[PDB]
$ cat coords10.txt   # compact mmCIF, N, CA and C atoms and all ligand atoms
# COMPACT_ATOMS: atom_id res chain seq x y z
N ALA G 1 -70.13 103.87 49.00
CA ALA G 1 -71.46 104.50 48.72
C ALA G 1 -72.53 103.44 48.48
N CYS G 2 -72.23 102.46 47.62
CA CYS G 2 -73.18 101.40 47.33
C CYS G 2 -72.97 100.14 48.17
N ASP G 3 -73.33 100.25 49.45
CA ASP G 3 -73.19 99.17 50.42
C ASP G 3 -74.21 98.05 50.22
N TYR G 4 -75.43 98.43 49.84
CA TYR G 4 -76.50 97.46 49.60
C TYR G 4 -77.15 97.70 48.24
N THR G 5 -77.19 96.64 47.43
CA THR G 5 -77.77 96.70 46.10
C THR G 5 -79.04 95.86 46.00
N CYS G 6 -80.18 96.55 45.95
CA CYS G 6 -81.48 95.90 45.84
C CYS G 6 -81.97 96.12 44.41
N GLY G 7 -81.68 95.15 43.55
CA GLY G 7 -82.08 95.27 42.16
C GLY G 7 -81.31 96.43 41.57
N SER G 8 -81.99 97.55 41.36
CA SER G 8 -81.34 98.73 40.79
C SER G 8 -81.16 99.84 41.84
N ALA G 9 -81.78 99.66 43.00
CA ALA G 9 -81.68 100.65 44.07
C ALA G 9 -80.36 100.48 44.82
N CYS G 10 -79.73 101.61 45.12
CA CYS G 10 -78.45 101.62 45.82
C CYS G 10 -78.57 102.29 47.19
N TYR G 11 -78.22 101.56 48.24
CA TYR G 11 -78.30 102.10 49.60
C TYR G 11 -76.97 102.08 50.34
N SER G 12 -76.67 103.18 51.02
CA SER G 12 -75.44 103.29 51.81
C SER G 12 -75.75 102.78 53.22
N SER G 13 -74.72 102.70 54.07
CA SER G 13 -74.88 102.27 55.45
C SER G 13 -75.77 103.25 56.19
N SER G 14 -75.64 104.54 55.86
CA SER G 14 -76.42 105.61 56.46
C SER G 14 -77.91 105.50 56.13
N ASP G 15 -78.22 105.19 54.87
CA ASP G 15 -79.61 105.05 54.44
C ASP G 15 -80.29 103.95 55.26
N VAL G 16 -79.63 102.80 55.37
CA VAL G 16 -80.14 101.65 56.12
C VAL G 16 -80.31 101.99 57.60
N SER G 17 -79.30 102.65 58.15
CA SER G 17 -79.29 103.05 59.55
C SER G 17 -80.44 104.00 59.87
N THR G 18 -80.68 104.97 59.00
CA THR G 18 -81.77 105.93 59.18
C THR G 18 -83.14 105.25 59.13
N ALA G 19 -83.33 104.38 58.14
CA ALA G 19 -84.59 103.66 57.98
C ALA G 19 -84.84 102.75 59.18
N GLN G 20 -83.81 102.00 59.56
CA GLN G 20 -83.89 101.09 60.69
C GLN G 20 -84.28 101.80 61.99
N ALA G 21 -83.70 102.98 62.22
CA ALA G 21 -83.98 103.76 63.43
C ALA G 21 -85.44 104.18 63.50
N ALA G 22 -86.00 104.52 62.33
CA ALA G 22 -87.38 104.94 62.22
C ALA G 22 -88.32 103.78 62.46
N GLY G 23 -87.99 102.63 61.87
CA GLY G 23 -88.81 101.45 62.03
C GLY G 23 -88.76 100.88 63.43
N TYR G 24 -87.58 100.88 64.04
CA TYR G 24 -87.45 100.35 65.39
C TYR G 24 -88.25 101.22 66.35
N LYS G 25 -88.21 102.53 66.13
CA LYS G 25 -88.93 103.48 66.97
C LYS G 25 -90.43 103.22 67.01
N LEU G 26 -91.05 103.02 65.84
CA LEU G 26 -92.48 102.76 65.78
C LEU G 26 -92.78 101.44 66.47
N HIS G 27 -91.89 100.47 66.27
CA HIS G 27 -92.04 99.16 66.90
C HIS G 27 -92.06 99.30 68.43
N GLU G 28 -91.13 100.09 68.94
CA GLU G 28 -90.98 100.34 70.36
C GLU G 28 -92.24 100.99 70.94
N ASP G 29 -92.84 101.91 70.18
CA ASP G 29 -94.05 102.61 70.59
C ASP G 29 -95.32 101.84 70.25
N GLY G 30 -95.17 100.70 69.58
CA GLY G 30 -96.33 99.90 69.21
C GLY G 30 -97.20 100.51 68.11
N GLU G 31 -96.59 101.33 67.26
CA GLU G 31 -97.30 101.98 66.17
C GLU G 31 -96.99 101.35 64.82
N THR G 32 -97.93 101.49 63.88
CA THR G 32 -97.77 100.96 62.53
C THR G 32 -98.31 101.95 61.50
N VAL G 33 -97.78 101.88 60.28
CA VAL G 33 -98.22 102.76 59.19
C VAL G 33 -98.37 101.97 57.89
N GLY G 34 -99.26 102.44 57.01
CA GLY G 34 -99.44 101.78 55.72
C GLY G 34 -100.51 100.71 55.69
N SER G 35 -100.94 100.33 54.49
CA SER G 35 -101.98 99.33 54.36
C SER G 35 -101.55 97.96 54.87
N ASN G 36 -100.24 97.73 54.92
CA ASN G 36 -99.73 96.45 55.39
C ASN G 36 -99.18 96.49 56.81
N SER G 37 -99.53 97.55 57.54
CA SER G 37 -99.15 97.73 58.93
C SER G 37 -97.68 97.51 59.30
N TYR G 38 -96.79 98.35 58.76
CA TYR G 38 -95.36 98.27 59.06
C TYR G 38 -95.01 99.12 60.29
N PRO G 39 -94.05 98.68 61.12
CA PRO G 39 -93.29 97.44 60.97
C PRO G 39 -94.08 96.27 61.55
N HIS G 40 -93.86 95.09 60.99
CA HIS G 40 -94.54 93.90 61.46
C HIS G 40 -93.57 92.73 61.44
N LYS G 41 -93.95 91.65 62.11
CA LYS G 41 -93.12 90.46 62.20
C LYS G 41 -92.75 89.86 60.85
N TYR G 42 -91.47 89.52 60.72
CA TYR G 42 -90.93 88.89 59.53
C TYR G 42 -90.57 87.49 60.02
N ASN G 43 -91.25 86.47 59.49
CA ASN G 43 -91.04 85.10 59.93
C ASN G 43 -89.86 84.36 59.29
N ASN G 44 -89.22 84.98 58.31
CA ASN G 44 -88.09 84.37 57.60
C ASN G 44 -88.46 83.05 56.92
N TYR G 45 -89.55 83.06 56.16
CA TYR G 45 -90.02 81.90 55.41
C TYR G 45 -88.97 81.53 54.38
N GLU G 46 -88.28 82.54 53.87
CA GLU G 46 -87.23 82.37 52.89
C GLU G 46 -86.05 81.59 53.44
N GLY G 47 -85.93 81.56 54.76
CA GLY G 47 -84.83 80.83 55.38
C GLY G 47 -83.47 81.48 55.18
N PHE G 48 -83.41 82.81 55.28
CA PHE G 48 -82.14 83.50 55.13
C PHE G 48 -81.31 83.19 56.38
N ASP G 49 -79.99 83.12 56.21
CA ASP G 49 -79.10 82.85 57.34
C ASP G 49 -78.67 84.13 58.02
N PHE G 50 -79.51 84.63 58.92
CA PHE G 50 -79.21 85.85 59.67
C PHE G 50 -78.30 85.51 60.84
N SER G 51 -77.35 86.41 61.12
CA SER G 51 -76.39 86.23 62.22
C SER G 51 -76.91 86.71 63.57
N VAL G 52 -78.06 87.36 63.58
CA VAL G 52 -78.64 87.86 64.82
C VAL G 52 -79.90 87.06 65.15
N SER G 53 -80.24 86.99 66.44
CA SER G 53 -81.40 86.21 66.87
C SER G 53 -82.74 86.89 66.57
N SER G 54 -83.78 86.06 66.48
CA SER G 54 -85.14 86.52 66.22
C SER G 54 -85.68 87.08 67.54
N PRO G 55 -86.89 87.66 67.53
CA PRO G 55 -87.80 87.85 66.39
C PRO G 55 -87.35 88.98 65.46
N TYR G 56 -87.68 88.84 64.18
CA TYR G 56 -87.32 89.83 63.16
C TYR G 56 -88.55 90.65 62.78
N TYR G 57 -88.30 91.86 62.27
CA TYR G 57 -89.37 92.76 61.86
C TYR G 57 -88.97 93.40 60.53
N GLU G 58 -89.92 93.53 59.60
CA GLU G 58 -89.62 94.16 58.32
C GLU G 58 -90.17 95.58 58.29
N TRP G 59 -89.40 96.48 57.68
CA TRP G 59 -89.74 97.89 57.59
C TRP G 59 -89.23 98.40 56.24
N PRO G 60 -90.06 99.16 55.52
CA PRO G 60 -89.66 99.70 54.21
C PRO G 60 -88.52 100.71 54.23
N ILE G 61 -87.63 100.57 53.25
CA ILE G 61 -86.53 101.51 53.08
C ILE G 61 -86.76 102.05 51.66
N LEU G 62 -86.94 103.36 51.56
CA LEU G 62 -87.23 104.01 50.28
C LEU G 62 -86.01 104.50 49.53
N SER G 63 -85.95 104.17 48.24
CA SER G 63 -84.84 104.58 47.38
C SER G 63 -84.71 106.10 47.32
N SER G 64 -85.84 106.79 47.45
CA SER G 64 -85.87 108.25 47.41
C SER G 64 -85.11 108.87 48.58
N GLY G 65 -84.82 108.07 49.59
CA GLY G 65 -84.11 108.59 50.74
C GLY G 65 -85.04 109.07 51.84
N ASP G 66 -86.35 109.09 51.57
CA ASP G 66 -87.34 109.51 52.56
C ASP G 66 -87.62 108.37 53.54
N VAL G 67 -88.11 108.72 54.73
CA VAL G 67 -88.46 107.71 55.73
C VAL G 67 -89.93 107.34 55.48
N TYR G 68 -90.21 106.04 55.44
CA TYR G 68 -91.57 105.57 55.18
C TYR G 68 -92.58 106.16 56.16
N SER G 69 -93.71 106.60 55.62
CA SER G 69 -94.77 107.18 56.44
C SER G 69 -96.18 106.70 56.10
N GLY G 70 -96.29 105.46 55.62
CA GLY G 70 -97.61 104.91 55.32
C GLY G 70 -98.03 104.89 53.87
N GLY G 71 -97.26 105.54 53.01
CA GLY G 71 -97.60 105.54 51.59
C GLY G 71 -97.23 104.25 50.88
N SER G 72 -96.70 104.37 49.67
CA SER G 72 -96.32 103.20 48.88
C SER G 72 -94.96 102.71 49.40
N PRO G 73 -94.92 101.48 49.97
CA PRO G 73 -93.69 100.90 50.52
C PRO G 73 -92.60 100.51 49.53
N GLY G 74 -92.97 100.22 48.29
CA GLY G 74 -91.96 99.83 47.32
C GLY G 74 -91.51 98.40 47.51
N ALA G 75 -90.39 98.05 46.89
CA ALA G 75 -89.88 96.68 46.93
C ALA G 75 -88.87 96.29 48.00
N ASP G 76 -88.22 97.28 48.61
CA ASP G 76 -87.16 97.02 49.57
C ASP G 76 -87.52 97.13 51.05
N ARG G 77 -86.86 96.30 51.86
CA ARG G 77 -87.09 96.26 53.30
C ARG G 77 -85.80 96.09 54.11
N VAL G 78 -85.78 96.68 55.31
CA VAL G 78 -84.65 96.49 56.23
C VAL G 78 -85.25 95.55 57.28
N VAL G 79 -84.46 94.59 57.75
CA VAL G 79 -84.93 93.64 58.76
C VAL G 79 -84.08 93.81 60.03
N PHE G 80 -84.75 94.04 61.16
CA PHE G 80 -84.08 94.21 62.45
C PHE G 80 -84.74 93.36 63.53
N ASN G 81 -84.04 93.15 64.65
CA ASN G 81 -84.61 92.36 65.74
C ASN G 81 -84.93 93.22 66.95
N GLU G 82 -85.26 92.59 68.07
CA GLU G 82 -85.61 93.29 69.30
C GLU G 82 -84.45 94.10 69.89
N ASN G 83 -83.22 93.77 69.52
CA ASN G 83 -82.03 94.47 70.03
C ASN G 83 -81.64 95.65 69.13
N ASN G 84 -82.43 95.86 68.09
CA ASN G 84 -82.17 96.90 67.09
C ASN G 84 -80.89 96.58 66.34
N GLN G 85 -80.67 95.29 66.12
CA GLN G 85 -79.52 94.85 65.35
C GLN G 85 -80.06 94.62 63.94
N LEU G 86 -79.26 94.96 62.94
CA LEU G 86 -79.64 94.77 61.56
C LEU G 86 -79.47 93.29 61.18
N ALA G 87 -80.56 92.66 60.75
CA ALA G 87 -80.50 91.27 60.34
C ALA G 87 -80.10 91.23 58.87
N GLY G 88 -80.64 92.16 58.08
CA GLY G 88 -80.31 92.22 56.67
C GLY G 88 -81.18 93.19 55.90
N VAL G 89 -80.89 93.33 54.61
CA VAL G 89 -81.64 94.20 53.72
C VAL G 89 -82.15 93.30 52.60
N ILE G 90 -83.47 93.24 52.44
CA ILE G 90 -84.06 92.37 51.43
C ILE G 90 -84.95 93.10 50.42
N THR G 91 -85.32 92.41 49.35
CA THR G 91 -86.15 93.02 48.31
C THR G 91 -87.02 92.05 47.53
N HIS G 92 -88.11 92.58 46.99
CA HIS G 92 -89.03 91.79 46.17
C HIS G 92 -88.51 91.76 44.74
N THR G 93 -87.67 92.74 44.40
CA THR G 93 -87.09 92.86 43.05
C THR G 93 -86.23 91.64 42.71
N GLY G 94 -86.58 90.95 41.62
CA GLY G 94 -85.84 89.77 41.22
C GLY G 94 -86.35 88.48 41.86
N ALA G 95 -87.49 88.56 42.53
CA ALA G 95 -88.09 87.40 43.19
C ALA G 95 -89.49 87.14 42.64
N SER G 96 -89.97 85.92 42.81
CA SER G 96 -91.30 85.54 42.34
C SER G 96 -92.33 85.66 43.46
N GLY G 97 -93.56 86.01 43.09
CA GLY G 97 -94.64 86.16 44.06
C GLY G 97 -94.37 87.20 45.14
N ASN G 98 -94.67 86.85 46.39
CA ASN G 98 -94.44 87.76 47.51
C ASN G 98 -93.15 87.35 48.23
N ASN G 99 -92.27 86.63 47.54
CA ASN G 99 -91.01 86.18 48.11
C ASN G 99 -89.97 87.29 48.09
N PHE G 100 -88.90 87.10 48.86
CA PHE G 100 -87.81 88.07 48.96
C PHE G 100 -86.48 87.41 48.58
N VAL G 101 -85.53 88.24 48.15
CA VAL G 101 -84.16 87.82 47.84
C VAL G 101 -83.33 88.82 48.65
N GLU G 102 -82.12 88.46 49.05
CA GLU G 102 -81.30 89.38 49.83
C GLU G 102 -80.58 90.38 48.92
N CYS G 103 -80.41 91.60 49.41
CA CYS G 103 -79.69 92.64 48.66
C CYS G 103 -78.18 92.37 48.87
N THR G 104 -77.36 92.66 47.87
CA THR G 104 -75.93 92.38 47.98
C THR G 104 -74.97 93.58 48.07
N1 LIG F 201 -92.38 86.59 51.92
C1 LIG F 201 -92.51 86.72 53.23
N2 LIG F 201 -93.64 87.20 53.72
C2 LIG F 201 -93.63 87.31 55.07
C3 LIG F 201 -92.62 86.95 55.92
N3 LIG F 201 -92.98 87.18 57.23
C4 LIG F 201 -94.18 87.65 57.14
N4 LIG F 201 -94.65 87.75 55.86
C5 LIG F 201 -96.04 88.13 55.47
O1 LIG F 201 -96.74 86.92 55.11
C6 LIG F 201 -97.62 87.21 53.96
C7 LIG F 201 -97.24 86.33 52.73
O2 LIG F 201 -95.94 86.58 52.17
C8 LIG F 201 -97.53 88.72 53.68
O3 LIG F 201 -98.59 89.31 54.45
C9 LIG F 201 -96.15 89.04 54.26
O4 LIG F 201 -96.03 90.39 54.76
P1 LIG F 201 -95.45 91.54 53.77
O5 LIG F 201 -96.28 91.37 52.54
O6 LIG F 201 -95.67 92.77 54.54
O7 LIG F 201 -94.02 91.21 53.59
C10 LIG F 201 -91.43 86.40 55.41
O8 LIG F 201 -90.48 86.02 56.07
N5 LIG F 201 -91.46 86.33 54.01
$ encode --input "coords10.txt" --output "C-alpha cells"
Amino acid sequence: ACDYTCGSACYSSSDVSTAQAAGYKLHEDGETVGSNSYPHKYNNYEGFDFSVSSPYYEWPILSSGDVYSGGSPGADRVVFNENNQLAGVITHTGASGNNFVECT
C-alpha cells in the first residue's frame, strides 16, 4: 500500500500510475495547468540518479487522490520522461528552499 513515502503522504503504485498518465497526456497534447504551468521540464538540478533517460518532466501528485487540474499543486511530484517511463517520485517536504528530496 505504501510504495512511496513523501514526508507524511503515502502513495501506492496505482496513485503514481494514475497521476503520471494524466501528466504525460497533457504533455503529449502540449497543454499546461496551474500558475507554474505543469507539466514542465525538470532539469534534475538535484542530481538524482534516475535509471531512465532524459528529458524529464515534473507533474503534481495529490495526496487527496485527485488528479491535478491547475489548483494548489502541493509538495509532491511524479517525474517521467518522453517514453512515459517513471523516473521517480519527489517532494519539497523535508527540503530547503525550492529543492527536492526523493520519496522512499
Ligand atoms: N528544484 C528544482 N527546480 C527545477 C528543476 N527543474 C526545473 N525547476 C524549476 O526551476 C525553478 C527554480 O527551482 C522553479 O521554477 C522550478 O520549477 P518548479 O518550481 O515548478 O519545480 C529541478 O530539477 N529542480
$ residues_near_point --input "coords10.txt" --point "(-87.8, 92.1, 59.2)" --cutoff "6 Å" --atoms "all atoms listed in the file" --output "list in words"
residues 41, 42, 56, 57, 58, 59, 78, 79 and 80 of chain G
$ atom_distance --input "coords10.txt" --atom1 "atom CA of residue G:65" --atom2 "atom CA of residue G:47"
28.2 Å
$ atom_distance --input "coords10.txt" --atom1 "atom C9 of ligand LIG 201 (chain F)" --atom2 "atom C of residue G:74"
12.4 Å
$ residues_near_ligand --input "coords10.txt" --ligand "ligand LIG 201 (chain F)" --cutoff "12 Å" --atoms "only C-alpha atoms and all ligand atoms" --output "count of residues only"
46
$ closest_residue --input "coords10.txt" --among "G:21, G:16, G:103, G:86" --to "residue G:61" --atoms "only C-alpha atoms"
G:16
$ closest_residue --input "coords10.txt" --among "G:89, G:67, G:30, G:52" --to "residue G:18" --atoms "only N, CA and C atoms"
G:67
$ build_atoms --input "coords10.txt" --residues "stretch 61-78 of chain G" --atoms "N, CA, C and O atoms" --output "tab-separated table (two decimals), keeping the file's coordinate frame"
chain	number	residue	atom	x	y	z
G	61	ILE	N	-87.63	100.57	53.25
G	61	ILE	CA	-86.53	101.51	53.08
G	61	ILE	C	-86.76	102.05	51.66
G	61	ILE	O	-86.86	101.27	50.70
G	62	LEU	N	-86.94	103.36	51.56
G	62	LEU	CA	-87.23	104.01	50.28
G	62	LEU	C	-86.01	104.50	49.53
G	62	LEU	O	-85.18	105.22	50.08
G	63	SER	N	-85.95	104.17	48.24
G	63	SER	CA	-84.84	104.58	47.38
G	63	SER	C	-84.71	106.10	47.32
G	63	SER	O	-83.61	106.63	47.19
G	64	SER	N	-85.84	106.79	47.45
G	64	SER	CA	-85.87	108.25	47.41
G	64	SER	C	-85.11	108.87	48.58
G	64	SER	O	-84.81	110.06	48.57
G	65	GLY	N	-84.82	108.07	49.59
G	65	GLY	CA	-84.11	108.59	50.74
G	65	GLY	C	-85.04	109.07	51.84
G	65	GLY	O	-84.58	109.45	52.91
G	66	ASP	N	-86.35	109.09	51.57
G	66	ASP	CA	-87.34	109.51	52.56
G	66	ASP	C	-87.62	108.37	53.54
G	66	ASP	O	-87.37	107.21	53.23
G	67	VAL	N	-88.11	108.72	54.73
G	67	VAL	CA	-88.46	107.71	55.73
G	67	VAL	C	-89.93	107.34	55.48
G	67	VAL	O	-90.79	108.21	55.30
G	68	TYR	N	-90.21	106.04	55.44
G	68	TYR	CA	-91.57	105.57	55.18
G	68	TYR	C	-92.58	106.16	56.16
G	68	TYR	O	-92.33	106.22	57.36
G	69	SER	N	-93.71	106.60	55.62
G	69	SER	CA	-94.77	107.18	56.44
G	69	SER	C	-96.18	106.70	56.10
G	69	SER	O	-97.16	107.42	56.30
G	70	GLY	N	-96.29	105.46	55.62
G	70	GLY	CA	-97.61	104.91	55.32
G	70	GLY	C	-98.03	104.89	53.87
G	70	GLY	O	-99.07	104.32	53.55
G	71	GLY	N	-97.26	105.54	53.01
G	71	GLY	CA	-97.60	105.54	51.59
G	71	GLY	C	-97.23	104.25	50.88
G	71	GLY	O	-97.44	103.15	51.40
G	72	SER	N	-96.70	104.37	49.67
G	72	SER	CA	-96.32	103.20	48.88
G	72	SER	C	-94.96	102.71	49.40
G	72	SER	O	-93.95	103.40	49.28
G	73	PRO	N	-94.92	101.48	49.97
G	73	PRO	CA	-93.69	100.90	50.52
G	73	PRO	C	-92.60	100.51	49.53
G	73	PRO	O	-91.42	100.46	49.89
G	74	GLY	N	-92.97	100.22	48.29
G	74	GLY	CA	-91.96	99.83	47.32
G	74	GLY	C	-91.51	98.40	47.51
G	74	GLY	O	-92.10	97.64	48.28
G	75	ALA	N	-90.39	98.05	46.89
G	75	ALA	CA	-89.88	96.68	46.93
G	75	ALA	C	-88.87	96.29	48.00
G	75	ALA	O	-88.71	95.11	48.28
G	76	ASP	N	-88.22	97.28	48.61
G	76	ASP	CA	-87.16	97.02	49.57
G	76	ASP	C	-87.52	97.13	51.05
G	76	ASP	O	-88.34	97.97	51.43
G	77	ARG	N	-86.86	96.30	51.86
G	77	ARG	CA	-87.09	96.26	53.30
G	77	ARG	C	-85.80	96.09	54.11
G	77	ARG	O	-84.85	95.46	53.65
G	78	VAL	N	-85.78	96.68	55.31
G	78	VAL	CA	-84.65	96.49	56.23
G	78	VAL	C	-85.25	95.55	57.28
G	78	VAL	O	-86.45	95.63	57.57
